[PDB]
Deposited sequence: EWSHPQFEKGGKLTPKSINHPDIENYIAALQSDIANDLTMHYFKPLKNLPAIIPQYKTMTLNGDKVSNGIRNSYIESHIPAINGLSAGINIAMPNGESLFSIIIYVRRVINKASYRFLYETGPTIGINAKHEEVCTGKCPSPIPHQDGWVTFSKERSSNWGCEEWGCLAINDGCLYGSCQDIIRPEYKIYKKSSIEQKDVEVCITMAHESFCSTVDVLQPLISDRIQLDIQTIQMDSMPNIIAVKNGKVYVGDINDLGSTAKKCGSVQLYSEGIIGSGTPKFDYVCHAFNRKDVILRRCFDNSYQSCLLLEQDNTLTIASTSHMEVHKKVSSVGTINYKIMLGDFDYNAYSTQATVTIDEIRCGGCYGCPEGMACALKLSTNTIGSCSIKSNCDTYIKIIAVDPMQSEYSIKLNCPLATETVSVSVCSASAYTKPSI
């Protein structure tokens, strides 16, 4: 009837338009057609106000963990009056990430490249001649009766020497962290069928007229210094840096300029009465590739591409304050509806991959859930997503385990492990 006295519909439309325009003018990005976002988180709130002339301007302040997928609800209502609409504070993305650089490939030794010579008289040359990266071997006093090349009559004299380098079958690629790690956090104001989002970092709070948000955090040091990569999966553990040949994964290293390895060749020889000796070479470098096979896959790490991303729980706290005018505000939340539609587990006890479980999950909302098991877990919370159905986790189950149980939010499921 009148713009003086608006009905509830146009009053709410006006308020949401005002918020949207404020956020957009302060560089929040509008996102549309997002999946369902039904807030799980509610904590205490602080409510306050100031009056200008005779008009009360009230606010609500609260905070939410900087946890991927988590959101909190605020209901907006007329003073001592009816509910109008909801504002959701939604932590749309939390990940840690760092750059990595390629160091070398490794794998088992499958052959030896070798060179050798012998001399009838004189002592072994100093040094033993060799290519860079090749290790040497030699024996003095190699000329003797019954053990002569053709035409040599020297006794307890001469030399047999050479050099060698392993040949490997490449199986793992090894990378080193080549940046500081950093948090990547995006937070959204979610209103009915529209969201307004922005990355947030610790030096620059998000400021609009009605809504302010900031992250409080602490520098993290969560990501591994060296990793090994096989078949798109990230392994961590006892891994040599480039140039180190300690007896652990990656003691033989194939990279752009050649191969690196060390060790004392297993070198001997067999005699002939009037022919060159045969070199018996049973090992060149030491190679501890079997250590690579025992590296543990870290399911929290994924290759983004080099760039690695780590799934993490909380990276801090998002504070927020909402001041719309003369309103009442209250927090709300709802437990998510999650079902574990299926669960398959296979693996073993004390093993590198432990007990690997594939879950199919249904959820009515983007959110974050507690994950529990009768086994030990390698995450405490898992982000759930209507647009993703398949989730995988790694478990550490005792040898005395006949059923694996897993719960996500309030959902439970069990399976007998697939051996």
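Student: Report the unmodelled segments of the deposited sequence as residue ranges counted from 1.
Tutor: Unobserved in coordinates, per deposited numbering: 1 to 15, 321 to 323.
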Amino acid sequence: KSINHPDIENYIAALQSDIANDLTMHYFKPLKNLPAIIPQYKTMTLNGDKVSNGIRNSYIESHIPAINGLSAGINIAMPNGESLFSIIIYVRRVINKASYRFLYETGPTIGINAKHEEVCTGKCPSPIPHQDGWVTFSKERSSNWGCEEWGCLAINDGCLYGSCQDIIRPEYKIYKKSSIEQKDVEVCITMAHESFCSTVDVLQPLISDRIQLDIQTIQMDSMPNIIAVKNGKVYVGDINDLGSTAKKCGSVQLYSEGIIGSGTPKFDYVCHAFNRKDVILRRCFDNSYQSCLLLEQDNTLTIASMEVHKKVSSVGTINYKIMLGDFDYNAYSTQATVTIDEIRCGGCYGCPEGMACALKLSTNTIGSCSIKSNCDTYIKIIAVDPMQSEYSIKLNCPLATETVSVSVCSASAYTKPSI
From here on, numbers count along this sequence of modelled residues.
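Student: May I ask you to compare 129 to 137 and 197 to 205 by their mean CA B factor in the entry and name the higher one?
Tutor: Higher mean C-alpha B-factor in the PDB entry: 129 to 137.
Student: If you average the CA temperature factors as listed in the entry, which stretch comes out higher, 407 to 415 or 21 to 29?
Tutor: It is 407 to 415.
Student: Tell me which of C147, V338, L213, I218 tops the list for C-alpha B factor in the record.
Tutor: In the PDB entry, the greatest C-alpha B-factor among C147, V338, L213, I218 is found at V338.
Student: Among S389, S368, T377, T45, which carries the highest Cα B-factor?
Tutor: When the deposited C-alpha B-factors of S389, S368, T377, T45 are compared, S389 is largest.
Student: Tell me, lowest, middle or highest third: where does the Cα B factor of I37 rank within its chain?
Tutor: Middle third of the chain for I37's C-alpha B-factor.
Student: Should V384 be placed in the lowest, middle or highest third of its chain by the C-alpha B factor in the entry?
Tutor: Within its chain, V384 is a middle-third residue by C-alpha B-factor, going by the deposited values.
Student: Based on the entry's values, in what third of the chain does the Cα temperature factor of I260 lie: lowest, middle or highest?
Tutor: Answer is middle: the recorded C-alpha B-factor places it there.
Student: According to the PDB entry, is the CA B factor of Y332 in the bottom, middle or top third of its chain, that is, lowest, middle or highest?
Tutor: Middle third of the chain for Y332's C-alpha B-factor.
Student: Using only modelled residues of the chain, where does the Cα B factor of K230 rank: lowest third, middle third or highest third?
Tutor: Within its chain, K230 is a highest-third residue by C-alpha B-factor, going by the deposited values.
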